[PDB]
């Protein structure tokens, strides 16, 4: 991947705010459906995603475009809404975190530019 202004913003602003939030703990690591006794989790959820995985990807310059990282955040929230019951508190926690995600994304740099200054 590469380092861009937008991906650096996603790492140092958006992820920093979401990771520390009081509602982040269910999303800081992949769902362990074996330990949770949930044999249907991976039958229903085709693309598991979590903030621990996203954070490691950002640390390792896995992404090529901010939009890919935004899709990973979105998949994580969508998985929660699809799998759980509409009245479960975790749905409310995801809605709270996703609202912060969108609020912070609103102030991301407009044009994606690689943060490299190279010598030919």
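Each form is matched to the other, and the largest set of C-alpha atoms that superpose within 1.5 Å is called the rigid core. Residue numbers count along the first chain shown, from 1.
In a rigid core superposition of the other structures in 5 other deposited structures of this protein, 50 to 58 and 34 to 42 differ in how far their CA atoms stray, and the farther one is 34 to 42.
The deposited model assigns a higher average Cα B-factor to 109 to 117 than to the other stretch when 2 to 10 and 109 to 117 are compared.
Just going by the entry, 87 to 95 versus 66 to 74 on mean CA temperature factor gives the higher value to 87 to 95. In this PDB entry, residue 28 carries a Cα temperature factor that places it within the middle third of its chain's modelled residues. Remark: residue 40 belongs to the highest third of its chain, ranked by C-alpha B-factor as recorded. In the deposited entry, the Cα temperature factor of residue 56 sits in the middle third of values across the chain's modelled residues.
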